[PDB]
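Here you get one chain, nothing else, as structure tokens; it is the form deposited in one PDB entry.
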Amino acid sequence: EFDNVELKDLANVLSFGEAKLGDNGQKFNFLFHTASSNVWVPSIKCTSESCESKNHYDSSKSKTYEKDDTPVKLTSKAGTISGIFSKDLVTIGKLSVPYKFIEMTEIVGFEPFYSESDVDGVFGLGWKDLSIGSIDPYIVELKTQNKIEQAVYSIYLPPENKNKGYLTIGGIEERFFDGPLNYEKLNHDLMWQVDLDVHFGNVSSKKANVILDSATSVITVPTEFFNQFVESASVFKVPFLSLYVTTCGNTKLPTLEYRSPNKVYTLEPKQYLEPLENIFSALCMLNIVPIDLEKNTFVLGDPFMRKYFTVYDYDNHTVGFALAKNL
């Protein structure tokens, strides 16, 4: 034997948390996904190696389980996922309602990321029309059964990792934010998406389609938008050392802004940069990625959510934004 000291991971919070299935309280780790509208879970029957060291849902150990069995198969350019539909108790903290979910039974093609993390499944929190089987979103379902009064939830991510991070259902906790809470109207009942004029230095795109996505740890922007910025950065002498790398202290890096008619949401340069080293880092990389998802569409991930406490209001069809606060 020799001297071994335990290594740790870094304090880094996202919309990762525990929910429960069945009346025997079967525990899982969920990614609470604002841009998906089903709950998906590793089934006890899953024949896929992926599934081995996960948490499982066993419909025979829960006395409140209901047969549905409607098969479903989803496939990406990247991977494939097939399962069956089940109903049972679904619980987050104190609240519980019977809900229609997908038991995963074959998972091909998401490696080594899927088996590498301690996440079991997705607990979608998007809108009805984006979901398979056309199901009412979980939180609406809580309101239907009068378990809560207002179809609303909120994500607080701790803006400096000094404390726990939280998902709150049924009401707005003022402990989480400073300044005003501001609602924007949804441009569609598909995702949590809003019309905003986006500005990044001299580049701008009016009335862009902008989407909240608690699953990405990136900011996203169209290719052409990203090209215009690269060229404009060049015009404005913003120094870069390669496409994505810059001095963290770079004084020419512009504020990224999303403007509505009555409120501007912003990420300062150091709020969209990732350090190259994990301590005392002189260099930085833009955490902004050109991807073309839809005409004029931009995605807000964790970097936005790290700064903005966000609110999701089914009843009003709005998204609330406020400056996240250290607990």
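In this text, residue numbers run from 1 along the sequence as written. Between two forms, the rigid core is defined as the largest C-alpha subset superposing within 1.5 Å.
The same protein has a further form, the form deposited in another entry, not shown here; the description that follows concerns it.
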Notebook entry, point to check: Superposing on the rigid core, which residue among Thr297, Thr266, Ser281, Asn287 shifts its Cα by at least 2 Å between this form and the one not shown?
Noted result: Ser281
Check: So, does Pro222 move by 2 Å or more at the CA between this form and the one not shown, with the core held fixed?
Finding: no
Margin query: Tell me whether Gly83 is among the residues that move between this form and the one not shown (Cα shift of 2 angstroms or more, core superposed).
Written below: yes
Checklist line | Core-aligned CA displacement of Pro239 at least 2 Å between this form and the one not shown | finding: yes
